[PDB]
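Input: one structure, supplied below.
No Cβ is skipped: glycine too gets one built from the backbone with ideal geometry, and neighbour counts run over all protein chains shown. Every read-out reported here was derived from the displayed coordinates using simple, explicitly stated rules and does not represent laboratory data.
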Amino acid sequence: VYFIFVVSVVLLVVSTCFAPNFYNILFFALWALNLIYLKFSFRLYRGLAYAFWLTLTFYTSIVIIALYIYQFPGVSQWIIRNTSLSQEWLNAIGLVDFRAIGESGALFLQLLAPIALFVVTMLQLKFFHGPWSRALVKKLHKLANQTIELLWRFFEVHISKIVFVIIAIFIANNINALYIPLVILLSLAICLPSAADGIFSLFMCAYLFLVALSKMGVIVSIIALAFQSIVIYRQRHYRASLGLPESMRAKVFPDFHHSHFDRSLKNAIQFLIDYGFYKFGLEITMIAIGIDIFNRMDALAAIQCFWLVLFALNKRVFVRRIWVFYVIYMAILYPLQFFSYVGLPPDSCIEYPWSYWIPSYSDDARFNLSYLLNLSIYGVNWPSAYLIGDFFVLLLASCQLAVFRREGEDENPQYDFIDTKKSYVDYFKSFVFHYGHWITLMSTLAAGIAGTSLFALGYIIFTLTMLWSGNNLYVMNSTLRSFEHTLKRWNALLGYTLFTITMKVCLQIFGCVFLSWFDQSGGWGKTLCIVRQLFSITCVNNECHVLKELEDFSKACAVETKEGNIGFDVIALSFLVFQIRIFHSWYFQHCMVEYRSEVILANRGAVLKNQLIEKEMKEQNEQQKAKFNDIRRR
Amino acid sequence: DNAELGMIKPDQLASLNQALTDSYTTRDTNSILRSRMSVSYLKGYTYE
């Protein structure tokens, strides 16, 4: 069943484990066409089975006999004289006399390897093509089968997504000419559904082939998408083997009836995250963009800065369609962003008029500005964080976009549930949710206090005023003030966080702009300093230079050099907006109302119970000391 | 007391100590650590 895989390895290995030559690059090409034909279809599988039957083997054998007869002395010169072939072209062919070099150890390697591949491929051809093309040890076997099935299910779920990531860190690592027409088609792949998955994948196999031919790590990608097509075919084959429907079902098997997830631990565990479906997409993308803001810290990120603001201050059903525009407004930004990134791979001879528009300030400032607007500059070496961040947010947006296309939605907290008071997993989740509105939501605000800013004082005063009033507010259910209070919270801990994070990029670009706007004698910028002691200040990015005058001004200004919002602002915003779309409905309202009655209750009732029980304790300890004195005495 | 082998006036020590601190640059932290170590070493000896 799997010695075809052992074969695979060998052909590729022999062709690829020595200096390249015509024989070697011809075999590589034949391997690539074999993989492409497998990608084309499974009747093409049957046809390639017919293939091995007639090819590569005869070409491997005739090449072996040709090199063997060439290895003889004397016949080399005779052939050279007859065919008028140059020695350099013969070396490019690969047909070189090894005895004249004296390296006898070279001969036996390619006298044992092609013969071994020949014999193993005949053994495979005459054996495998029949049956393969026709189609508490016991407890340990059952467990192994169960794990195999589970990992196969997870693979067919999430190998389609993996082929995107394993192909993008490669292009992110190395960028050249032979990658420009690839990535654009990549941008044309996820932006379209699976209906063209068979075609666009072929578009991959056609191009990464040619670039390899341009050479004279990529093979990891080749085996990656080959394995993707392999599991695509094998899942259908397995389904047809057991008389199962051939439809590609997104849901593997409803074990805990989705919403019956509560079931228990391993019971929820899965759809707990498997049906993450909604939770996943929405909240995690609002977090992917947030973590992307740190990875970028440039003006290109300022455009997407407000697109999340467009989502966070309106209901989901209110801006349902505009976000469909948003997911395509980034599906086309990645391609021309990369197009600019490359620009001219080896070199060229042409100028830039943006620099010409700019004149009379400083040379360092235009470099910093060009870095911030993120467009091309000759010879600048860029990191790979931006590409990965944009790639991850694009995938999350596309997933959530498929969610929205699957189904959408057509005066109060609409959604509601039922009670059973706790359940291990929920016991845990319910217990942490009861206190989540107090410490989990506000520890991030405490981090904001640690954020050492004047806007941090803005957090400070608000949270200090909120700690006294909101506690009594929630536990009493103010009539005709629930929605009013929650809108107050919206403007309070949701509006302020985004409102103070929106400048976190343009204030630093202001600090990075045309060198100086602050440093002379008398009386202007000591008060333009009192504000620049905390407003514009760090303008921090790990690529910049300064001149002497701004070097002295910064020496005078004494900036701490740590103000990036990654530490305390984004991880607070993300928690707040992970909460916003969840606690506005569901059990929250149930528990919120559970907070009011209990007041009257334990307020005037267990108080007398408590005084009474303390006197009761007194009585028992009293009697025990009486008894011990008696007994000591007795 | 003679010029050939003389002591160090507090003026020169103060000037050198002031010079030690200002050689850094705002961004680099290695300069911060270097100035810290150098001033700590220098201040361990009195003018005597």
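Could you list, ordered by first residue, the pairs with Cβ atoms under 9 Å in which the first is in the stretch A:300-317 and within 27 Å of A:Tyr415 (Cα to Cα) and the second is not in a helix (DSSP H, G or I), at least 6 apart or interchain?
A:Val309/A:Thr502; A:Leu310/A:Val319; A:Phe311/A:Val319; A:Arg316/A:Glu409; A:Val317/A:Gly408; A:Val317/A:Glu409; A:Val317/A:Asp410
Among the residues of the stretch A:531-572, count how many are of a type in the set (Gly, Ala, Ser) and closer than 16 Å to A:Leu507 by Cα.
Step one: of the stretch A:531-572, the residues of a type in the set (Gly, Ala, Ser) are A:536, A:554, A:556, A:558, A:564, A:567, A:572.
The next check asks that each one be closer than 16 Å to A:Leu507 by Cα; those that pass are A:536, A:564.
Number of matching residues: 2.
If a residue has to be part of a helix (DSSP H, G or I) and in contact with a helix residue (DSSP H, G or I) (Cβ under 9 Å, 6 or more places away or on another chain) to count, how many in the stretch A:337-372 make the cut?
First pass over the stretch A:337-372, keeping only residues part of a helix (DSSP H, G or I): A:337-342, A:353-357, A:363-372.
Adding the requirement that they be in contact with a helix residue (DSSP H, G or I) (Cβ under 9 Å, 6 or more places away or on another chain) leaves A:337-339, A:341-342, A:354-355, A:364-366, A:368-372.
Total meeting the criteria: 15.
Any residue that is touching a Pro at 6+ places or on another chain (Cβ under 9 Å) and not basic (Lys, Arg) - is there at least one of those in the stretch A:50-60?
Here is the first cut: in the stretch A:50-60, the ones touching a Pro at 6+ places or on another chain (Cβ under 9 Å) are A:60.
Right, trim to not basic (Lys, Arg) and you get A:60.
Checked against the condition, which is being touching a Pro at 6+ places or on another chain (Cβ under 9 Å) and not basic (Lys, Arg), the stretch A:50-60 yields at least one hit.
Can you pull out every residue in the stretch A:518-533 that is basic (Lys, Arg) and assigned to a helix (DSSP H, G or I)? Working first, answer last.
Step one: filter the stretch A:518-533 for residues basic (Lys, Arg), giving A:526, A:532.
The answer is A:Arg532, and nothing else.
Then there is this: With the condition kept exactly as written, say whether any residue in the stretch B:35-43 is within 14 Å of chain A (Cβ to nearest Cβ), within 18 Å of A:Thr561 (Cα to Cα) and part of a helix (DSSP H, G or I). Can you show your working first?
So in the stretch B:35-43, the residues within 14 Å of chain A (Cβ to nearest Cβ) come out as B:35.
With the extra rule that they be within 18 Å of A:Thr561 (Cα to Cα), the set shrinks to B:35.
With part of a helix (DSSP H, G or I) added as a condition, the list becomes B:35.
Yes, that holds for at least one residue.
Same structure again: How many residues are surrounded by 11 or more Cβ atoms within 10 Å (Cβ to Cβ) and within 10 Å of another protein chain (Cβ to nearest Cβ) if we restrict to the stretch B:16-27?
First pass over the stretch B:16-27, keeping only residues surrounded by 11 or more Cβ atoms within 10 Å (Cβ to Cβ): B:16-17, B:20-21, B:24-27.
Imposing the further condition that a residue be within 10 Å of another protein chain (Cβ to nearest Cβ) reduces the set to B:24-27.
So the count comes out to 4.
From the list A:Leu188, A:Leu213, A:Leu192, A:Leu225, exactly one residue is of a type outside the set (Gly, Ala, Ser) and crowded, with 16+ Cβ neighbours inside 10 Å. Which is it?
Working: A:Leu188 fails: crowded, with 16+ Cβ neighbours inside 10 Å; A:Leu213 fails: crowded, with 16+ Cβ neighbours inside 10 Å; A:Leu192 fails: crowded, with 16+ Cβ neighbours inside 10 Å.
Only one candidate qualifies: A:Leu225.
Hey, A:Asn174 hits all of (1) farther than 25 Å from A:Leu11 by Cβ; (2) touching a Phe, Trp or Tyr at 6+ places or on another chain (Cβ under 8 Å); (3) among the polar types (S, T, N, Q) but one; which does it fall short on?
The one condition A:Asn174 does not meet is (2).
In the stretch A:124-141, how many are over 25 Å from A:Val7 (Cβ atoms) and surrounded by 11 or more Cβ atoms within 10 Å (Cβ to Cβ)? Break it down into steps so the answer makes sense when it comes.
Filtering the stretch A:124-141 for residues over 25 Å from A:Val7 (Cβ atoms) gives A:136-141.
Those still in the list that are surrounded by 11 or more Cβ atoms within 10 Å (Cβ to Cβ) too: none.
So the count comes out to 0.
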